[PDB]
């Protein structure tokens, strides 16, 4: 039979459609959602034709669910189990896994199937490929609002911290304090950073950035970002800069503010432009040892399990990211439009299913 889902129809057009219910392969699971959350990624897919032009493709890639059914080879999950579903759900049997980059298993960024090559999570059911490798059990002591921050927001933000090569006591700059940037701040704290400098203006974000460990807040007003951060560091710069937002020009701010031998760690999706500019002089004319990394978030069962431990054992509380809680399935359209309209008091919305 069929089922209901909130999809993208054409560029700039969304709505509800009705498709045949998904069925699992023997290694797969069919999940029904318990809490979902929309993303800026869904917006660039609709109002910018980012991943190309789809047609009746259900949106959303951050979900916590209850396993509805599992194929015959699924060993560690059974119907009724409550699970965190990672946003990345890669095919784990490729040479790219053997090379150590599961995010690109099968091609560049091919590990991200939800709302891309597959129907997303904004439905009554969705399909998880390789349940034993892409699902993790949700402890009862973690509320659905916090868990639904793990699949994408926590892992991307913590990945920026990881890529930053943060040594103990190093000063970190986080450029952008949306939900991803906020998690990059907590991840920097989770890496032994001393001083953490957050760049942003939204006061709900600025309050949350301090709560996640920021010691300084640089505003887009009050001066230019480069000069402000160099003044705070007394002309020394930062050891690492985690890019978590902006357009291509932020790449030059980060290269200008990190010291020689430091790291620029980007987790931002650059949606437009042919090139991202690296400033030649502040990159030491090519010889300043300022490493630039840019990475898609890790995913999979073990990645979620480790983030679940950080939430369980009280190392990070991702709930303060949730500024809007809706109840009920039909509120997915509301939360989606909230991510497009983006009021000043919004960080991340969550739809809890009845």
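Positions refer to the first chain, counted from 1.
- Just going by the entry, 104-112 versus 223-231 on mean CA temperature factor gives the higher value to 223-231.
- Just going by the entry, 80-88 versus 214-222 on mean CA temperature factor gives the higher value to 214-222.
- The PDB entry assigns its highest CA temperature factor, among 263, 201, 134, 156, to 201.
- Out of 286, 294, 52, 298, it is 52 whose C-alpha atom has the highest B-factor in the PDB entry.
- Looking at the C-alpha B-factors along this chain, the one for residue 309 belongs to the lowest third.
- The PDB entry assigns residue 303 a C-alpha temperature factor belonging to the lowest third of its chain's modelled residues.
- Among all modelled residues in this chain, the alpha-carbon of residue 317 has a temperature factor (C-alpha) in the middle third.
- In this PDB entry, residue 195 carries a Cα temperature factor that places it within the lowest third of its chain's modelled residues.
- Ranked within its chain, residue 207 lands in the middle third, by CA B factor from the PDB record.
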